[PDB]
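Everything below concerns the one structure shown next.
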Amino acid sequence: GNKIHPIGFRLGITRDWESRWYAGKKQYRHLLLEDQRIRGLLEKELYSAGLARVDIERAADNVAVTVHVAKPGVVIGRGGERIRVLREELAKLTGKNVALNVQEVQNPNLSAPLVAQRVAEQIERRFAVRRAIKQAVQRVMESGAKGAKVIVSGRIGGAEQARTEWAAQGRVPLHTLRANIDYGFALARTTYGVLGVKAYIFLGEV
Amino acid sequence: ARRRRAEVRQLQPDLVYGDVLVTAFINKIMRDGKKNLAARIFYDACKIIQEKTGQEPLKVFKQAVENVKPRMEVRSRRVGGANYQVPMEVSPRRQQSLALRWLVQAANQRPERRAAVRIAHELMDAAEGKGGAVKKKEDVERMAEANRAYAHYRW
Amino acid sequence: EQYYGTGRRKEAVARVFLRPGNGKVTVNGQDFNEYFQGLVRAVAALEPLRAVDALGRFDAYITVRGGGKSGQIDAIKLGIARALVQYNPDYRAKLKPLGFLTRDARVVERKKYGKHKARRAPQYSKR
Amino acid sequence: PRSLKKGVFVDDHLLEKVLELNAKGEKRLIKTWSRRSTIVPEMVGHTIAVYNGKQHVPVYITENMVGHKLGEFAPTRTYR
Amino acid sequence: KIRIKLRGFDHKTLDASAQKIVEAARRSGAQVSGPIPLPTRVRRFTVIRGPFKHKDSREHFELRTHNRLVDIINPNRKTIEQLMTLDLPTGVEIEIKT
Amino acid sequence: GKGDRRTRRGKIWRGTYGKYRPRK
Amino acid sequence: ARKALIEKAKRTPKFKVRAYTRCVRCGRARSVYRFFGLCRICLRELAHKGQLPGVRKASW
RNA sequence: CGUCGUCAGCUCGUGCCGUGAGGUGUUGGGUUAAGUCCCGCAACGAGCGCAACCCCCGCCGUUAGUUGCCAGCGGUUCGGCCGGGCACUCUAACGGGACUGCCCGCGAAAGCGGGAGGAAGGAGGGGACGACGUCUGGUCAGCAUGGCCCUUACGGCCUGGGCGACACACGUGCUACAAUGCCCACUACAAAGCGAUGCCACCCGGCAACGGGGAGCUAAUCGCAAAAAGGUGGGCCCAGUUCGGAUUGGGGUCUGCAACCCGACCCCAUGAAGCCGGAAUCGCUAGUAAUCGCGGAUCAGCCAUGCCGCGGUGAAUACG
Ligand SMILES: [Mg+2]
Ligand SMILES: [Mg+2]
Ligand SMILES: [Mg+2]
Ligand SMILES: [Mg+2]
Ligand SMILES: [Mg+2]
Ligand SMILES: [Mg+2]
Ligand SMILES: [Mg+2]
Ligand SMILES: [Mg+2]
Ligand SMILES: [Mg+2]
Ligand SMILES: [Mg+2]
Ligand SMILES: [Mg+2]
Ligand SMILES: [Mg+2]
Ligand SMILES: [Mg+2]
Ligand SMILES: [Mg+2]
Ligand SMILES: [Mg+2]
Ligand SMILES: [Mg+2]
Ligand SMILES: [Mg+2]
Ligand SMILES: [Mg+2]
Ligand SMILES: [Mg+2]
Ligand SMILES: [Mg+2]
Ligand SMILES: [Mg+2]
Ligand SMILES: [Mg+2]
Ligand SMILES: [Mg+2]
Ligand SMILES: [Mg+2]
Ligand SMILES: [Mg+2]
Ligand SMILES: [Mg+2]
Ligand SMILES: [Mg+2]
Ligand SMILES: [Mg+2]
Ligand SMILES: [Mg+2]
Ligand SMILES: [Mg+2]
Ligand SMILES: [Zn+2]
């Protein structure tokens with residue numbers, strides 16, 4: 001058990017926070033829990049949408065919430081009778097009456113969180129873990145990218161003895177603080193246990 | 001020192017005499033990094049030599065050191081059996097370190113209650129050719145030579 | 001008229017002003033022997049002047065804040081030597097061989113975790 | 001080297017429950033869980049059954065043992 | 001004379017939010033007191049890396065609060081125009097005390 | 001030493017004040 | 001950290017002393033930083049993502 | 001997450017060798033902190049790791065100046081206090097600078113030795129960062145989770161007790177055995193932090209802990225705050241001591257609904273072992289060790305001598 005989160009490790013450089021708002025030793029923790037409550041439902045609901053991310057900005061009872069997804073349409077709803085019920089949830093929790101944008105993702109094959117979700121999915125439908133991975137890396141690596149890697153945890157194939165499946169292409173230099181490597185995890189639940197899935201995508205250096 | 005041959009540290013010259021050999025001696029006296037208290041001690045001990053003696057302290061100091069320098073010492077070694085104390089010459093660098101160390105060590109074993117009083121009397125006895133310092137120095141050379149039988153083990 | 005040179009050491013800055021005249025050194029107002037009341041050290045801080053036979057040529061107004069008197073002492077060593085080179089650049093050719101020009105970089109090593117003091121590692125039982 | 005300040009603490013459970021018994025007479029024991037409360041004058045004579053986490057032990061309050069607390073007489077542990 | 005401290009978690013979220021008040025005032029008021037830094041109040045957090053035992057690792061976290069000054073000399077009028085709602089920062093706090 | 005409450009150092013080390021270490 | 005104990009949140013403590021922090025994200029009762037209301041473990045995790053704004057990785 | 005281990009390694013693609021497991025490359029010579037680089041070579045390249053990119057510290061410059069300063073002048077209740085000024089310090093944001101670039105020597109090359117210039121020189125100092133994998137390592141008591149198991153209860157509430165028991169044994173530490181010291185008085189130098197129902201200047205009561213009163217501060221402009229070791233003067237005079245503060249008696253403050261079990265703190269008294277520690281064993285190679293103090297997290301308060309961090313003073317030694 002070594003190596004740090006490639007994100008927390010790059011927050012300074014090539015990677016910004018999922019919440020960029022100021023506060024003080026009396027506010028912060030509150031505006032904090034809020035975001036957690038936010039993504040709470042968002043991730044419980046917009047799963048099918050393709051919940052690639054949930055950014056949250058602030059100013060004063062104002063909150064950005066630029067929820068990114070691969071299939072924006074699934075957010076909107078019948079004409080828009082959902083992104084009306086979602087904006088509804090906003091004040092349902094915190095009566096801040098804020099925005100709630102939506103931004104499609106330019107190729108969900110470069111969105112590690114998704115790339116991992118995909119793989120996590122397949123694993124639950126009882127797919128071939130190894131191929132699923134061979135393929136994933138391929139897609140991700142296919143639609144551009146300079147490198148990629150995927151890692152499913154243990155109990156592969158329902159095995160009684162946990163293992164750790166690989167697969168990786170191109171470059172995925174982690175020790176290089178400036179690679180800009182998307183990272184995504186996916187907790188693939190299952191009938192015999194849990195299977196962690198991690199995805200990394202290397203794109204552009206300097 | 002497995003890679004390189006550690007270069008001897010180069011210390012500044014004595015604030016007063018400008019002698020590096022003295023700064024050394026001071027550092028040895030120093031304990032808990034109180035170079036002041038140290039430096040002080042030494043100097044007051046240099047004055048106690050001005051009175052109780054004739055010549056300037058530096059002269060005595062130099063002489064004292066020069067008498068405590070062992071020109072031979074025994075160093076243990078393992079050889080099919082036990083540990084055979086092998087006599088070998090003592091380098092110039094170590095010759096000094098051992099002298100200054102032994103001075104302070106012998107010095108602080110003295111009965112006089114004042115630090116400076118002890119250093120001065122030891123330097124004096126040392127410069128004269130007596131005192132625990134010179135003793136050890138002789139004790140070593142006694143060990144050495146007296147084990148010449150093993151001398152053919154050199155290093 | 002006047003000459004200046006900063007000078008820093010082990011985290012302590014010093015303002016040095018060399019003005020022709022006797023040699024009265026006013027560190028934080030007080031006289032040299034005032035601020036450095038019985039510290040065999042001090043003296044050194046004036047070694048840059050003696051290095052060029054001066055000393056009895058300039059009076060010196062000095063300020064200092066940060067660290068400890070010995071640190072401050074060293075800083076001065078730099079200042080007095082720094083200002084002295086400005087005053088006359090031909091003085092660098094003499095203070096370099098003695099290195100009063102260099103800024104002693106030795107600082108305090110950070111206190112690492114796991115260890116007791118940066119390097120002093122905790123002891124352990126029969127391993 | 002004791003301490004309290006001003007307001008010698010006593011739990012009302014018995015403070016009143018005891019000062020009432022005075023208004024009448026002596027009572028056959030008085031079990032309580034407030035081993036905190038300070039033993040005050042108007043107790044000398046009564047027999048308070050102090051608990052110890054398992055037992056309700058009887059304690060005959062005497063003058064000499066006023067300033068003390070209840071627990072000091074109802075020992076907690078059991079030793080070798 | 002316009003005290004206006006700026007405090008953000010980013011040294012550009014402020015250095016921008018302050019670069020506005022810099023020229024959007026020079027173009028309607030005196031040269032202004034320019035933007036002034038001010039020491040930053042850093043907060044470290046030291047947690048044991050892994051859960052359960054292994055108390056000799058930790059890893060460090062810091063949440064540094066930067067500060068800005070500014071101060072527009074002369075409480076102008078036309079300066080207060082281009083400086084009324086032409087902001088751009090998202091993660092900043094700005095107290096006004098002219 | 002640092003362990004004698006009734007001393008200057010005793011108060012310091014034990015991070016406190018009182019007679020033996022008053023706040024000026 | 002059984003729900004039956006995450007009940008604490010309930011104001012009515014009986015006495016202001018009996019109150020305690022507890023992670024707002026896991027229920028963790030020990031090492032629960034105030035400024036975040038999070039536990040040492042939780043702090044670590046979120047911080048790594050980006051859910052903790054301004055919060056970075058200190059080095060010096 | 002720990003660990004081997006920041007160790008100098010682990011591999012892949014294609015070609016080539018072998019029936020084959022595999023081999024070559026990655027071996028060899030030179031070199032390096034390093035599979036770092038150079039040369040050679042049936043291999044030619046690539047990936048993970050090393051290095052670099054990020055942070056802090058050394059020097060310098062610009063932008064900004066309620067930090068700073070008679071640098072320089074005027075006034076001064078002579079406090080950088082008032083005016084004034086961005087010079088210097090500094091605060092914090094950007095940029096410069098070092099590349100074996102240059103000089104001599106050795107070398108096939110890499111690079112090694114030495115020199116100048118330079119704040120800094122050959123990875124300038126310290127961080128973050130820890131490969132394919134190993135230990136059926138650690139944690140289901142952080143959380144998540146397959147399975148099993150209890151469901152008037154293996155669930156829930158409360159009061160009380162326990163986690164603080166002791167004939168003993170070990171680990172990690174603290175204070176110390178003293179004169180390079182202990183005590184009192186006076187006096188001087190720091191960095192990094194923290195502060196609203198909080199830091200609390202200052203005044204008075206109390207030996208005091210602390211209390212009553214109450215100014216300022218959204219904190220480079222107020223407070224915690226005294227830095228300590230140090231310097232100067234004086235006391236002690238070698239003694240279980242003016243060393244050392246255990247233990248115990250007594251009085252009291254403060255937090256808290258409540259300090260018996262089981263809080264810290266102050267004051268009087270008591271004043272223990274301990275005279276430098278057997279066999280054996282631990283840390284550290286430079287501002288490091290040693291030594292001196294300061295802040296913080298958690299936190300009502302606290303059993304912190306612990307932990308994480310900050311600066312003062314500042315060594316010895318390395319043949320091998
Ligand atoms: Mg230190
Ligand atoms: Mg710990
Ligand atoms: Mg649970
Ligand atoms: Mg509590
Ligand atoms: Mg808690
Ligand atoms: Mg290495
Ligand atoms: Mg091959
Ligand atoms: Mg064969
Ligand atoms: Mg073949
Ligand atoms: Mg092969
Ligand atoms: Mg091999
Ligand atoms: Mg081979
Ligand atoms: Mg090699
Ligand atoms: Mg390489
Ligand atoms: Mg400059
Ligand atoms: Mg060359
Ligand atoms: Mg690295
Ligand atoms: Mg096991
Ligand atoms: Mg389970
Ligand atoms: Mg316990
Ligand atoms: Mg004493
Ligand atoms: Mg009074
Ligand atoms: Mg100010
Ligand atoms: Mg004296
Ligand atoms: Mg006695
Ligand atoms: Mg005594
Ligand atoms: Mg004795
Ligand atoms: Mg506390
Ligand atoms: Mg206790
Ligand atoms: Mg402390
Ligand atoms: Zn938690």
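Residue numbers start at 1 in each chain; chains themselves are named A, B, ... in the order of the structure tokens; ligands are numbered from 1 in the order shown.
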
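Within 6 Å of chain H, counting only C-alpha atoms (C1' of nucleotides), chain G contributes residues 26, 28, 59 and 60 of chain G.
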
Please write out the residues within 7 Å of ligand 21 as a ChimeraX atom specification, counting only C-alpha atoms (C1' of nucleotides) and all ligand atoms.
/F:1,4 /H:182,242-244

I need the residues of chain G that end up classed as helix (DSSP H, G or I) by DSSP on the backbone, written out as a PyMOL selection string.
chain G and resi 3-5+16-18+40-49

Using the selection just defined, write its residues with N, CA, C and O atoms as a compact mmCIF listing (two decimals), in the first residue's frame.
```
# COMPACT_ATOMS: atom_id res chain seq x y z
N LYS G 3 -25.72 4.04 14.27
CA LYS G 3 -26.69 5.12 14.23
C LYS G 3 -27.13 5.52 15.65
O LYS G 3 -27.15 6.71 15.98
N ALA G 4 -27.45 4.53 16.47
CA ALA G 4 -27.91 4.78 17.84
C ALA G 4 -27.02 5.75 18.62
O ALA G 4 -27.40 6.22 19.69
N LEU G 5 -25.82 6.02 18.09
CA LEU G 5 -24.89 6.93 18.73
C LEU G 5 -24.71 8.19 17.91
O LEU G 5 -24.22 9.19 18.40
N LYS G 16 -24.42 20.62 28.77
CA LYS G 16 -23.52 21.07 27.72
C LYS G 16 -22.19 20.31 27.62
O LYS G 16 -21.52 20.33 26.58
N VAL G 17 -21.80 19.63 28.71
CA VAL G 17 -20.54 18.89 28.72
C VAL G 17 -20.54 17.61 27.89
O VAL G 17 -19.56 17.30 27.21
N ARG G 18 -21.64 16.87 27.95
CA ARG G 18 -21.75 15.61 27.23
C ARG G 18 -21.72 15.68 25.71
O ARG G 18 -21.84 14.65 25.05
N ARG G 40 -9.94 12.69 10.86
CA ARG G 40 -8.61 12.67 10.26
C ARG G 40 -8.59 11.84 8.97
O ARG G 40 -7.90 12.19 8.01
N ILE G 41 -9.35 10.75 8.97
CA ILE G 41 -9.41 9.88 7.80
C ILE G 41 -10.13 10.57 6.65
O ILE G 41 -9.62 10.65 5.51
N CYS G 42 -11.33 11.07 6.96
CA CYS G 42 -12.17 11.75 5.99
C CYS G 42 -11.49 12.96 5.39
O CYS G 42 -11.53 13.18 4.19
N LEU G 43 -10.87 13.74 6.26
CA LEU G 43 -10.15 14.91 5.83
C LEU G 43 -9.24 14.48 4.69
O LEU G 43 -9.31 15.01 3.58
N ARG G 44 -8.40 13.49 4.98
CA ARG G 44 -7.45 12.95 4.03
C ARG G 44 -8.07 12.63 2.66
O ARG G 44 -7.63 13.14 1.63
N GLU G 45 -9.11 11.80 2.67
CA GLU G 45 -9.80 11.38 1.44
C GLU G 45 -10.33 12.54 0.58
O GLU G 45 -9.88 12.73 -0.56
N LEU G 46 -11.29 13.30 1.11
CA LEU G 46 -11.87 14.42 0.37
C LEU G 46 -10.78 15.36 -0.11
O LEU G 46 -10.74 15.74 -1.28
N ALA G 47 -9.91 15.74 0.81
CA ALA G 47 -8.81 16.65 0.49
C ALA G 47 -8.10 16.20 -0.77
O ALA G 47 -7.78 17.02 -1.62
N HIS G 48 -7.87 14.89 -0.87
CA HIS G 48 -7.19 14.31 -2.02
C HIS G 48 -7.93 14.58 -3.32
O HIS G 48 -7.31 14.83 -4.36
N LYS G 49 -9.26 14.52 -3.27
CA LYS G 49 -10.06 14.79 -4.45
C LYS G 49 -9.92 16.28 -4.71
O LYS G 49 -8.95 16.74 -5.31
```

Find the residues around residue A:100 up to 12 Å (only C-alpha atoms (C1' of nucleotides) counted), leave out those fewer than 4 positions away in its own chain, and share them as a VMD selection string.
chain A and resid 38 42 54 to 57 62 to 68 75 to 76 82 to 91 96

Would you write out those residues with C-alpha atoms, as a CSV table (one decimal), in the first residue's frame?
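What landed in again_35.csv:
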```csv
chain,number,residue,atom,x,y,z
A,38,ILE,CA,-25.2,18.4,-2.8
A,42,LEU,CA,-26.7,14.5,-7.6
A,54,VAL,CA,-19.9,18.1,-9.8
A,55,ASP,CA,-18.1,21.5,-9.5
A,56,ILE,CA,-19.4,24.0,-6.9
A,57,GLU,CA,-18.6,27.7,-6.7
A,62,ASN,CA,-25.0,31.8,-4.7
A,63,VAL,CA,-23.7,28.5,-6.0
A,64,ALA,CA,-22.4,27.5,-9.4
A,65,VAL,CA,-22.9,23.7,-9.5
A,66,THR,CA,-21.7,23.1,-13.1
A,67,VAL,CA,-22.5,19.4,-13.0
A,68,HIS,CA,-20.7,17.8,-16.0
A,75,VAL,CA,-30.5,15.7,-16.9
A,76,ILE,CA,-33.0,18.0,-18.5
A,82,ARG,CA,-36.6,17.4,-14.4
A,83,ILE,CA,-33.9,20.1,-14.4
A,84,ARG,CA,-36.7,22.0,-12.8
A,85,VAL,CA,-37.2,19.3,-10.1
A,86,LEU,CA,-33.4,19.2,-9.7
A,87,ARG,CA,-33.1,23.0,-9.2
A,88,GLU,CA,-35.9,22.3,-6.8
A,89,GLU,CA,-33.7,20.0,-4.8
A,90,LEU,CA,-31.2,22.9,-4.5
A,91,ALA,CA,-33.3,24.9,-2.0
A,96,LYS,CA,-29.6,29.4,-1.5
```

Rounded to one decimal in Å, what is the spacing between atom CA of residue B:121 and atom CA of residue B:20?
21.8 Å

Protein and nucleic acid residues within 9 Å of ligand 19 (only C-alpha atoms (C1' of nucleotides) and all ligand atoms) as a list in words:
residues 140, 145, 146 and 147 of chain H

Selected residues written out with C-alpha atoms (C1' of nucleotides), as a PDB file, in the first residue's frame:
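So the final result, stored in result.pdb, reads:
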```pdb
ATOM      1  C1'   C H 140     -14.348  -5.717   8.687  1.00  0.00           C
ATOM      2  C1'   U H 145     -18.605  -4.833   1.765  1.00  0.00           C
ATOM      3  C1'   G H 146     -19.684 -11.171   0.395  1.00  0.00           C
ATOM      4  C1'   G H 147     -20.929 -14.660   3.903  1.00  0.00           C
TER       5        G H 147
END
```
